[PDB]
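What's in input-v5.cif: mmCIF, C-alpha atoms and all ligand atoms
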data_data
loop_
_atom_site.label_atom_id
_atom_site.label_comp_id
_atom_site.auth_asym_id
_atom_site.auth_seq_id
_atom_site.Cartn_x
_atom_site.Cartn_y
_atom_site.Cartn_z
CA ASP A 1 101.49 84.80 84.35
CA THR A 2 99.22 87.67 85.36
CA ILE A 3 101.67 88.54 88.13
CA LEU A 4 104.55 89.19 85.71
CA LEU A 5 102.21 91.24 83.55
CA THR A 6 101.47 93.28 86.67
CA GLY A 7 105.16 94.06 87.13
CA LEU A 8 105.58 94.98 83.47
CA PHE A 9 102.44 97.10 83.80
CA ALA A 10 104.07 98.80 86.78
CA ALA A 11 107.44 99.09 85.04
CA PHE A 12 105.82 100.75 82.02
CA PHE A 13 104.11 103.50 84.00
CA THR A 14 106.84 104.37 86.51
CA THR A 15 109.63 104.39 83.93
CA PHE A 16 107.86 106.35 81.18
CA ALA A 17 106.03 108.75 83.51
CA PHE A 18 108.93 111.19 83.73
CA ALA A 19 110.92 109.84 80.78
CA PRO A 20 110.10 112.92 78.65
CA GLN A 21 111.99 114.99 81.25
CA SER A 22 115.20 112.98 80.81
CA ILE A 23 114.79 112.95 77.03
CA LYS A 24 114.38 116.74 77.04
CA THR A 25 117.52 117.07 79.17
CA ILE A 26 119.47 114.83 76.80
CA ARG A 27 118.16 116.74 73.79
CA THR A 28 118.67 120.28 75.11
CA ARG A 29 121.75 119.52 77.25
CA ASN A 30 120.24 121.80 79.89
CA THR A 31 121.26 120.42 83.29
CA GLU A 32 120.57 123.42 85.53
CA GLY A 33 119.39 122.39 88.99
CA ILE A 34 120.46 118.77 88.54
CA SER A 35 122.41 117.52 91.55
CA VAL A 36 125.42 115.33 90.77
CA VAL A 37 125.26 113.76 94.24
CA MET A 38 121.58 112.86 93.92
CA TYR A 39 122.10 111.19 90.54
CA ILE A 40 125.12 109.23 91.77
CA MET A 41 123.04 108.03 94.72
CA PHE A 42 120.19 107.25 92.32
CA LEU A 43 122.40 105.32 89.90
CA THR A 44 123.98 103.43 92.80
CA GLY A 45 120.51 102.20 93.70
CA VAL A 46 119.59 101.46 90.08
CA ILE A 47 122.66 99.24 89.69
CA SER A 48 121.74 97.51 92.95
CA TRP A 49 118.19 96.92 91.70
CA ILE A 50 119.66 95.27 88.60
CA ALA A 51 121.73 92.96 90.80
CA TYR A 52 118.60 92.36 92.87
CA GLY A 53 116.51 91.68 89.77
CA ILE A 54 119.02 89.11 88.53
CA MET A 55 119.21 87.38 91.90
CA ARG A 56 115.40 87.37 92.08
CA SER A 57 114.82 86.33 88.46
CA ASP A 58 112.55 89.37 88.22
CA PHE A 59 112.39 90.68 84.65
CA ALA A 60 109.96 93.42 85.68
CA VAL A 61 112.47 94.89 88.13
CA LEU A 62 115.28 94.23 85.65
CA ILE A 63 113.88 95.96 82.56
CA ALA A 64 112.56 98.86 84.65
CA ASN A 65 115.99 99.74 86.02
CA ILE A 66 117.94 98.93 82.85
CA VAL A 67 115.82 101.44 80.92
CA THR A 68 116.18 103.83 83.87
CA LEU A 69 119.95 103.38 83.61
CA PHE A 70 119.90 104.25 79.90
CA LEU A 71 117.99 107.42 80.77
CA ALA A 72 119.74 108.48 83.98
CA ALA A 73 123.37 107.80 83.01
CA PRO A 74 123.40 110.13 79.98
CA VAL A 75 121.81 112.85 82.13
CA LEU A 76 124.63 112.60 84.68
CA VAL A 77 127.23 112.54 81.87
CA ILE A 78 125.90 115.78 80.37
CA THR A 79 125.67 117.27 83.87
CA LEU A 80 129.32 116.50 84.60
CA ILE A 81 130.35 117.91 81.21
CA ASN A 82 128.42 121.14 81.77
CA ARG A 83 129.78 121.40 85.32
CA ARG A 84 133.37 121.28 84.08
CA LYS A 85 132.83 123.95 81.41
CA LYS A 86 133.02 126.54 84.19
CA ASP B 1 119.69 86.80 103.16
CA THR B 2 122.27 88.90 101.33
CA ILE B 3 119.88 89.12 98.39
CA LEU B 4 117.14 90.85 100.41
CA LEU B 5 119.75 93.19 101.85
CA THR B 6 120.67 94.03 98.25
CA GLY B 7 117.09 95.05 97.50
CA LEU B 8 116.86 97.13 100.66
CA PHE B 9 120.22 98.65 99.73
CA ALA B 10 118.74 99.48 96.33
CA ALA B 11 115.46 100.71 97.82
CA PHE B 12 117.33 103.05 100.19
CA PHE B 13 119.31 104.80 97.46
CA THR B 14 116.65 105.13 94.74
CA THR B 15 113.93 106.30 97.14
CA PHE B 16 115.97 108.82 99.14
CA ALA B 17 118.03 110.12 96.20
CA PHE B 18 115.43 112.68 95.16
CA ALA B 19 113.36 112.59 98.35
CA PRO B 20 114.57 116.07 99.39
CA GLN B 21 112.89 117.41 96.23
CA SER B 22 109.48 116.04 97.23
CA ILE B 23 109.95 117.17 100.83
CA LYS B 24 110.81 120.68 99.61
CA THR B 25 107.69 120.68 97.43
CA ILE B 26 105.53 119.56 100.35
CA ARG B 27 107.13 122.17 102.62
CA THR B 28 107.01 125.13 100.22
CA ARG B 29 103.82 124.10 98.38
CA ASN B 30 105.53 125.22 95.18
CA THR B 31 104.29 122.96 92.38
CA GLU B 32 105.29 124.98 89.31
CA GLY B 33 106.27 122.76 86.39
CA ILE B 34 104.79 119.63 87.95
CA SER B 35 102.64 117.72 85.46
CA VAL B 36 99.42 116.27 86.85
CA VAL B 37 99.32 113.66 84.07
CA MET B 38 102.88 112.48 84.72
CA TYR B 39 102.22 112.06 88.45
CA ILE B 40 98.97 110.18 87.85
CA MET B 41 100.84 107.86 85.49
CA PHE B 42 103.63 107.56 88.06
CA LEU B 43 101.25 106.78 90.93
CA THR B 44 99.40 104.26 88.76
CA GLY B 45 102.69 102.40 88.37
CA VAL B 46 103.58 102.76 92.05
CA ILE B 47 100.28 101.16 93.07
CA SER B 48 100.92 98.38 90.55
CA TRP B 49 104.41 97.80 92.00
CA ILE B 50 102.81 97.42 95.43
CA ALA B 51 100.44 94.79 94.05
CA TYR B 52 103.44 93.20 92.34
CA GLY B 53 105.49 93.30 95.53
CA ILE B 54 102.72 91.58 97.49
CA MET B 55 102.26 88.90 94.84
CA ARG B 56 106.04 88.38 94.75
CA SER B 57 106.56 88.49 98.52
CA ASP B 58 109.18 91.16 97.82
CA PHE B 59 109.56 93.51 100.78
CA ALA B 60 112.28 95.48 98.98
CA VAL B 61 109.91 96.37 96.14
CA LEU B 62 107.10 96.87 98.65
CA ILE B 63 108.74 99.33 101.05
CA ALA B 64 110.36 101.22 98.16
CA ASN B 65 107.03 102.02 96.52
CA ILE B 66 105.06 102.50 99.74
CA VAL B 67 107.50 105.23 100.80
CA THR B 68 107.37 106.58 97.24
CA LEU B 69 103.58 106.68 97.56
CA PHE B 70 103.80 108.68 100.80
CA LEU B 71 106.06 111.16 98.99
CA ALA B 72 104.38 111.33 95.58
CA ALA B 73 100.71 111.43 96.64
CA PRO B 74 101.02 114.59 98.77
CA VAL B 75 102.87 116.28 95.89
CA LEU B 76 99.99 115.56 93.51
CA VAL B 77 97.47 116.71 96.13
CA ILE B 78 99.19 120.08 96.54
CA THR B 79 99.53 120.33 92.75
CA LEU B 80 95.80 119.80 92.24
CA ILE B 81 95.01 122.33 94.97
CA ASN B 82 97.30 124.97 93.45
CA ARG B 83 95.91 124.23 89.98
CA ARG B 84 92.36 124.93 91.13
CA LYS B 85 93.26 128.24 92.81
CA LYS B 86 93.32 129.81 89.34
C1 LIG C 1 114.17 109.44 87.48
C2 LIG C 1 114.82 110.80 87.47
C3 LIG C 1 114.59 111.45 88.81
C4 LIG C 1 114.36 112.94 88.64
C5 LIG C 1 113.25 113.37 89.57
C6 LIG C 1 112.00 112.61 89.19
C7 LIG C 1 110.85 112.92 90.12
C8 LIG C 1 109.91 111.73 90.09
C9 LIG C 1 109.52 111.34 91.50
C10 LIG C 1 110.26 110.49 92.24
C11 LIG C 1 111.53 109.83 91.73
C12 LIG C 1 111.25 108.52 91.00
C13 LIG C 1 111.29 107.31 91.91
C14 LIG C 1 112.42 106.38 91.51
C15 LIG C 1 112.18 105.73 90.16
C16 LIG C 1 113.31 104.77 89.85
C17 LIG C 1 112.79 103.56 89.10
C18 LIG C 1 113.32 102.32 89.78
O1 LIG C 1 114.37 102.37 90.39
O2 LIG C 1 112.59 101.12 89.73
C19 LIG C 1 112.88 100.24 90.79
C20 LIG C 1 111.83 99.16 90.82
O3 LIG C 1 112.39 97.96 90.33
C21 LIG C 1 111.36 98.95 92.24
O4 LIG C 1 110.20 99.72 92.46
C1 LIG C 2 123.85 104.06 78.53
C2 LIG C 2 124.17 103.52 79.91
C3 LIG C 2 125.30 102.51 79.81
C4 LIG C 2 124.75 101.19 79.33
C5 LIG C 2 125.84 100.14 79.41
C6 LIG C 2 125.25 98.75 79.31
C7 LIG C 2 124.13 98.60 80.32
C8 LIG C 2 124.25 97.27 81.03
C9 LIG C 2 123.06 97.10 81.95
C10 LIG C 2 122.89 95.96 82.65
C11 LIG C 2 123.90 94.83 82.54
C12 LIG C 2 123.36 93.61 83.25
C13 LIG C 2 122.61 92.74 82.26
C14 LIG C 2 122.06 91.53 82.99
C15 LIG C 2 121.09 90.78 82.10
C16 LIG C 2 120.09 90.07 82.99
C17 LIG C 2 119.47 88.90 82.24
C18 LIG C 2 119.49 87.68 83.13
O1 LIG C 2 120.55 87.01 83.24
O2 LIG C 2 118.46 87.33 83.76
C1 LIG C 3 128.16 97.23 83.63
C2 LIG C 3 127.65 98.64 83.46
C3 LIG C 3 128.66 99.46 82.69
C4 LIG C 3 128.02 100.77 82.29
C5 LIG C 3 129.09 101.81 82.02
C6 LIG C 3 128.44 103.13 81.66
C7 LIG C 3 129.50 104.16 81.37
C8 LIG C 3 128.90 105.30 80.58
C9 LIG C 3 128.76 104.89 79.13
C10 LIG C 3 128.09 105.67 78.25
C11 LIG C 3 127.47 106.97 78.72
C12 LIG C 3 126.24 107.27 77.89
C13 LIG C 3 126.65 107.76 76.52
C14 LIG C 3 125.42 108.04 75.69
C15 LIG C 3 125.68 109.25 74.82
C16 LIG C 3 124.46 110.14 74.81
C17 LIG C 3 124.84 111.53 74.34
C18 LIG C 3 125.20 112.38 75.53
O1 LIG C 3 124.91 111.99 76.69
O2 LIG C 3 125.80 113.48 75.37
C1 LIG C 4 99.88 109.40 102.08
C2 LIG C 4 99.47 108.50 100.94
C3 LIG C 4 98.24 107.71 101.33
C4 LIG C 4 98.63 106.55 102.22
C5 LIG C 4 97.42 105.67 102.46
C6 LIG C 4 97.85 104.33 103.01
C7 LIG C 4 98.92 103.73 102.12
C8 LIG C 4 98.64 102.27 101.87
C9 LIG C 4 99.78 101.67 101.08
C10 LIG C 4 99.79 100.35 100.78
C11 LIG C 4 98.66 99.45 101.23
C12 LIG C 4 99.04 98.01 100.97
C13 LIG C 4 99.71 97.42 102.19
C14 LIG C 4 100.09 95.99 101.90
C15 LIG C 4 100.99 95.45 103.00
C16 LIG C 4 101.88 94.38 102.41
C17 LIG C 4 102.37 93.45 103.49
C18 LIG C 4 102.18 92.02 103.05
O1 LIG C 4 101.05 91.48 103.13
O2 LIG C 4 103.16 91.37 102.59
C1 LIG C 5 94.70 101.86 99.35
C2 LIG C 5 95.37 103.18 99.06
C3 LIG C 5 94.49 104.32 99.51
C4 LIG C 5 95.28 105.61 99.49
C5 LIG C 5 94.34 106.79 99.39
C6 LIG C 5 95.15 108.07 99.32
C7 LIG C 5 94.23 109.26 99.25
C8 LIG C 5 94.98 110.51 99.64
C9 LIG C 5 95.10 110.57 101.15
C10 LIG C 5 95.87 111.50 101.74
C11 LIG C 5 96.63 112.50 100.90
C12 LIG C 5 97.90 112.90 101.61
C13 LIG C 5 97.58 113.85 102.74
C14 LIG C 5 98.85 114.24 103.46
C15 LIG C 5 98.75 115.69 103.90
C16 LIG C 5 100.07 116.39 103.64
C17 LIG C 5 99.86 117.88 103.64
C18 LIG C 5 99.58 118.35 102.22
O1 LIG C 5 99.80 117.57 101.26
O2 LIG C 5 99.12 119.50 102.02
#

As structure tokens, how would this structure be written, given the file I've shared?
Ligand SMILES: CCCCCCCC/C=C\CCCCCCCC(=O)OC[C@@H](O)CO
Ligand SMILES: CCCCCCCC/C=C\CCCCCCCC(=O)O
Ligand SMILES: CCCCCCCC/C=C\CCCCCCCC(=O)O
Ligand SMILES: CCCCCCCC/C=C\CCCCCCCC(=O)O
Ligand SMILES: CCCCCCCC/C=C\CCCCCCCC(=O)O
Amino acid sequence: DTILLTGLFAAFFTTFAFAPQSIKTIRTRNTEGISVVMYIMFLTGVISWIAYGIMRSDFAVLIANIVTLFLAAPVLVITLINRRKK
Amino acid sequence: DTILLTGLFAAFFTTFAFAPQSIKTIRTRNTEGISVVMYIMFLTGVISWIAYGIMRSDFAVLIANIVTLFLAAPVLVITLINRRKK
């Protein structure tokens, strides 16, 4: 009981800590400095965490990385779009 | 067996994806733009993940956030030092 709350407590802080940065990027479409390779590596891990979370029945790990996915994936999309404009 | 390997696989990619950014910050001591509040929130969650990882017997979650701690904490330290120089 208290142990799941701990994970959700953790998930809340780590996910929303730098969330305003991703939101700003999505809003302004400014992707200068963003590495495509780093985000692909990052997303690869995020997907793997989701698989891990399912196999572990860990909703804390699950919701943390699902929200991360919904924040990171649009950032990479915009980055790839801006990259191709040149 | 394969499920723990999945977590370690995930931990490898998410932790080392943006690790060169933290290393660069530690090396150059350039902390412009870094929010103290965001890192304190982030570290609060990281610590909570560690507690969660211990209570879950999850070495994937554990090693991911311990390494994160060793990367994030020095960044905040340098940030607080640079902040006080003014
Ligand atoms: C998130 C966008 C990255 C841009 C740079 C952000 C700088 C913040 C400092 C380090 C990177 C964040 C660490 C990675 C945060 C990813 C969150 C995650 O994957 O959760 C997994 C948990 O289930 C297991 O603990
Ligand atoms: C905006 C990014 C693209 C979003 C597309 C949809 C995102 C799908 C994310 C995860 C799919 C896996 C869902 C698994 C549910 C786990 C629940 C369970 O069975 O315990
Ligand atoms: C099973 C996981 C499948 C997930 C597939 C994800 C593919 C990407 C899908 C949608 C990308 C996000 C689109 C959101 C639009 C936001 C506006 C913008 O980014 O410009
Ligand atoms: C450089 C940052 C400061 C580092 C200080 C030391 C870091 C300590 C990090 C975590 C301490 C908790 C260790 C718990 C071990 C878990 C193993 C287990 O019992 O399963
Ligand atoms: C149980 C967890 C206790 C952890 C306490 C952590 C307190 C901070 C300790 C050390 C800070 C990191 C010091 C590393 C020096 C790197 C060089 C530098 O940052 O300038």

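Distance criterion 8 Å to chain B, applied with all atoms listed in the file, yields residues 3, 4, 6, 7, 9, 10, 11, 12, 13, 14, 15, 17, 18, 38, 39, 41, 42, 43, 44, 45, 46, 47, 48, 49, 51, 52, 55 and 56 of chain A on chain A.
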
Go ahead and save the picked residues with C-alpha atoms, as an mmCIF file, in the coordinates of the input.
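What ended up in out16.cif:
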data_model
loop_
_atom_site.group_PDB
_atom_site.id
_atom_site.type_symbol
_atom_site.label_atom_id
_atom_site.label_comp_id
_atom_site.auth_asym_id
_atom_site.auth_seq_id
_atom_site.Cartn_x
_atom_site.Cartn_y
_atom_site.Cartn_z
ATOM 1 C CA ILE A 3 101.670 88.540 88.130
ATOM 2 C CA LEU A 4 104.550 89.190 85.710
ATOM 3 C CA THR A 6 101.470 93.280 86.670
ATOM 4 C CA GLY A 7 105.160 94.060 87.130
ATOM 5 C CA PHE A 9 102.440 97.100 83.800
ATOM 6 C CA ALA A 10 104.070 98.800 86.780
ATOM 7 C CA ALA A 11 107.440 99.090 85.040
ATOM 8 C CA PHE A 12 105.820 100.750 82.020
ATOM 9 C CA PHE A 13 104.110 103.500 84.000
ATOM 10 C CA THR A 14 106.840 104.370 86.510
ATOM 11 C CA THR A 15 109.630 104.390 83.930
ATOM 12 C CA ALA A 17 106.030 108.750 83.510
ATOM 13 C CA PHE A 18 108.930 111.190 83.730
ATOM 14 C CA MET A 38 121.580 112.860 93.920
ATOM 15 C CA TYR A 39 122.100 111.190 90.540
ATOM 16 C CA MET A 41 123.040 108.030 94.720
ATOM 17 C CA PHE A 42 120.190 107.250 92.320
ATOM 18 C CA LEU A 43 122.400 105.320 89.900
ATOM 19 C CA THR A 44 123.980 103.430 92.800
ATOM 20 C CA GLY A 45 120.510 102.200 93.700
ATOM 21 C CA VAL A 46 119.590 101.460 90.080
ATOM 22 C CA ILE A 47 122.660 99.240 89.690
ATOM 23 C CA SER A 48 121.740 97.510 92.950
ATOM 24 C CA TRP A 49 118.190 96.920 91.700
ATOM 25 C CA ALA A 51 121.730 92.960 90.800
ATOM 26 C CA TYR A 52 118.600 92.360 92.870
ATOM 27 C CA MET A 55 119.210 87.380 91.900
ATOM 28 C CA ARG A 56 115.400 87.370 92.080
#

Range 2-14 of chain B, all listed atoms, 3 Å padding on each side: what axis-aligned box centre and edge lengths in Å to one decimal come out, as AutoDock Vina command-line options?
--center_x 118.9 --center_y 97.0 --center_z 98.3 --size_x 12.8 --size_y 22.2 --size_z 13.1

I'd like the superposed copy of chain A - fitted to chain B by least squares over all paired Cα atoms - as a CSV table (one decimal) with C-alpha atoms, in the frame of the given file.
chain,number,residue,atom,x,y,z
A,1,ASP,CA,119.7,86.8,103.2
A,2,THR,CA,122.3,88.9,101.3
A,3,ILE,CA,119.9,89.1,98.4
A,4,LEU,CA,117.1,90.9,100.4
A,5,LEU,CA,119.8,93.2,101.8
A,6,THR,CA,120.7,94.0,98.3
A,7,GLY,CA,117.1,95.0,97.5
A,8,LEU,CA,116.9,97.1,100.7
A,9,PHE,CA,120.2,98.6,99.7
A,10,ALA,CA,118.7,99.5,96.3
A,11,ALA,CA,115.5,100.7,97.8
A,12,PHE,CA,117.3,103.0,100.2
A,13,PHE,CA,119.3,104.8,97.5
A,14,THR,CA,116.7,105.1,94.7
A,15,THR,CA,113.9,106.3,97.1
A,16,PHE,CA,116.0,108.8,99.1
A,17,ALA,CA,118.0,110.1,96.2
A,18,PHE,CA,115.4,112.7,95.2
A,19,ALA,CA,113.4,112.6,98.3
A,20,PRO,CA,114.6,116.1,99.4
A,21,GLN,CA,112.9,117.4,96.2
A,22,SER,CA,109.5,116.0,97.2
A,23,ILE,CA,110.0,117.2,100.8
A,24,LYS,CA,110.8,120.7,99.6
A,25,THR,CA,107.7,120.7,97.4
A,26,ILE,CA,105.5,119.6,100.4
A,27,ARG,CA,107.1,122.2,102.6
A,28,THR,CA,107.0,125.1,100.2
A,29,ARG,CA,103.8,124.1,98.4
A,30,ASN,CA,105.5,125.2,95.2
A,31,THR,CA,104.3,123.0,92.4
A,32,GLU,CA,105.3,125.0,89.3
A,33,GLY,CA,106.3,122.8,86.4
A,34,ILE,CA,104.8,119.6,88.0
A,35,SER,CA,102.6,117.7,85.5
A,36,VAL,CA,99.4,116.3,86.8
A,37,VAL,CA,99.3,113.7,84.1
A,38,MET,CA,102.9,112.5,84.7
A,39,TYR,CA,102.2,112.1,88.5
A,40,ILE,CA,99.0,110.2,87.9
A,41,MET,CA,100.8,107.9,85.5
A,42,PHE,CA,103.6,107.6,88.1
A,43,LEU,CA,101.2,106.8,90.9
A,44,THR,CA,99.4,104.3,88.8
A,45,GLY,CA,102.7,102.4,88.4
A,46,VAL,CA,103.6,102.8,92.1
A,47,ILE,CA,100.3,101.2,93.1
A,48,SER,CA,100.9,98.4,90.6
A,49,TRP,CA,104.4,97.8,92.0
A,50,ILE,CA,102.8,97.4,95.4
A,51,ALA,CA,100.4,94.8,94.0
A,52,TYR,CA,103.4,93.2,92.3
A,53,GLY,CA,105.5,93.3,95.5
A,54,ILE,CA,102.7,91.6,97.5
A,55,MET,CA,102.3,88.9,94.8
A,56,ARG,CA,106.0,88.4,94.7
A,57,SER,CA,106.6,88.5,98.5
A,58,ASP,CA,109.2,91.2,97.8
A,59,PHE,CA,109.6,93.5,100.8
A,60,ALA,CA,112.3,95.5,99.0
A,61,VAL,CA,109.9,96.4,96.1
A,62,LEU,CA,107.1,96.9,98.6
A,63,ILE,CA,108.7,99.3,101.0
A,64,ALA,CA,110.4,101.2,98.2
A,65,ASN,CA,107.0,102.0,96.5
A,66,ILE,CA,105.1,102.5,99.7
A,67,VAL,CA,107.5,105.2,100.8
A,68,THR,CA,107.4,106.6,97.2
A,69,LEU,CA,103.6,106.7,97.6
A,70,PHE,CA,103.8,108.7,100.8
A,71,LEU,CA,106.1,111.2,99.0
A,72,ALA,CA,104.4,111.3,95.6
A,73,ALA,CA,100.7,111.4,96.6
A,74,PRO,CA,101.0,114.6,98.8
A,75,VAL,CA,102.9,116.3,95.9
A,76,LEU,CA,100.0,115.6,93.5
A,77,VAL,CA,97.5,116.7,96.1
A,78,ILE,CA,99.2,120.1,96.5
A,79,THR,CA,99.5,120.3,92.8
A,80,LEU,CA,95.8,119.8,92.2
A,81,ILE,CA,95.0,122.3,95.0
A,82,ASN,CA,97.3,125.0,93.5
A,83,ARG,CA,95.9,124.2,90.0
A,84,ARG,CA,92.4,124.9,91.1
A,85,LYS,CA,93.3,128.2,92.8
A,86,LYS,CA,93.3,129.8,89.3

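Taking atom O2 of ligand LIG 4 (chain C) and CA of residue 66 in chain B as endpoints, the distance between them is 11.6 Å.
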
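Distance annotation: of A:27, A:68, A:57, A:36, the residue with the minimal separation from ligand LIG 1 (chain C) is A:68; atom set is all atoms listed in the file.
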
Item to complete: Provide the atom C2 of ligand LIG 2 (chain C) to CA of residue 72 in chain A distance in Å, to one decimal place.
Response: 7.8 Å

Mind listing the residues within 7 Å of ligand LIG 5 (chain C), only C-alpha atoms and all ligand atoms counted, as a PDB file with C-alpha atoms, in the coordinates of the input?
ATOM      1  CA  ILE B  26     105.530 119.560 100.350  1.00  0.00           C
ATOM      2  CA  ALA B  73     100.710 111.430  96.640  1.00  0.00           C
ATOM      3  CA  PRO B  74     101.020 114.590  98.770  1.00  0.00           C
ATOM      4  CA  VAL B  75     102.870 116.280  95.890  1.00  0.00           C
ATOM      5  CA  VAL B  77      97.470 116.710  96.130  1.00  0.00           C
ATOM      6  CA  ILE B  78      99.190 120.080  96.540  1.00  0.00           C
TER       7      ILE B  78
END

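With atom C7 of ligand LIG 1 (chain C) on one side and CA of residue 24 in chain B on the other, the separation reads 12.3 Å.
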